[PDB]
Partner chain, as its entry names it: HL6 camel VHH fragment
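First, one chain by itself: the form solved without its partner chain, in structure tokens.
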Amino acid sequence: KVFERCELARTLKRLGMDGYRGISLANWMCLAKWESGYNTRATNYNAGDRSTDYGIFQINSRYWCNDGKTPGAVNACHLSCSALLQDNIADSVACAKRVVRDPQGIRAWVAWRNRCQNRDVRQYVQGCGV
């Protein structure tokens, strides 16, 4: 499923993402926007280390979900990577929360650092009623 902007903002808010571990909804929106274009079935294979990024937040298989084909990988979210490709984003949200409970927080995603960090991200939630 490819979410429309405000549709996703409310979906994320309903899932408890607004201010989760101090991360505003606008930050999660900027993350999803730049990671997958709000596309839940997005996948990206990383030929360099044999891992794959899954879902709307492009969560990596080396540490977060199990896809069975990533060498020496772990599954901190205790989910099959398939769970991160559903139209329903509850599992991708549960896992994204797990990611940020670690030291780096939202900084875990390099795309967040490149396109969201120290930027004006208000524009992502404007008019969405969140």
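Numbering follows the first chain given and starts at 1.
K.L.:
Comparing 91-99 with 36-44, where is the mean C-alpha B-factor higher?
P.N.:
Going by the record's values, the stretch with the higher mean is 36-44.
K.L.:
Averaged over C-alpha atoms, is the B-factor higher for 113-121 or for 21-29 in this PDB entry?
P.N.:
Mean B over CA atoms: larger for 113-121.
K.L.:
Compare the CA B factors listed in the entry for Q104, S82, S61, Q58 and report the winner.
P.N.:
Highest CA B-factor of the listed options: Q104.
K.L.:
Which third of the chain holds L8 when residues are ordered by C-alpha B factor: lowest, middle or highest?
P.N.:
CA B-factor rank for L8: lowest third.
K.L.:
Sorting the chain's CA B-factors, does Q86 end up in the lowest, middle or highest third?
P.N.:
CA B-factor rank for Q86: middle third.
K.L.:
How does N66 rank on Cα B-factor within its chain, lowest, middle or highest third?
P.N.:
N66: CA B-factor falls in the middle third of its chain.
Below, we refer to the form solved in complex with its partner chain, which is not included among the displayed structures.
K.L.:
Can you tell me which bits of 65-85 touch its partner chain in the deposited complex, meaning any heavy atom within 4.5 Å?
P.N.:
The stretch touches the partner through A76, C77, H78, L79.
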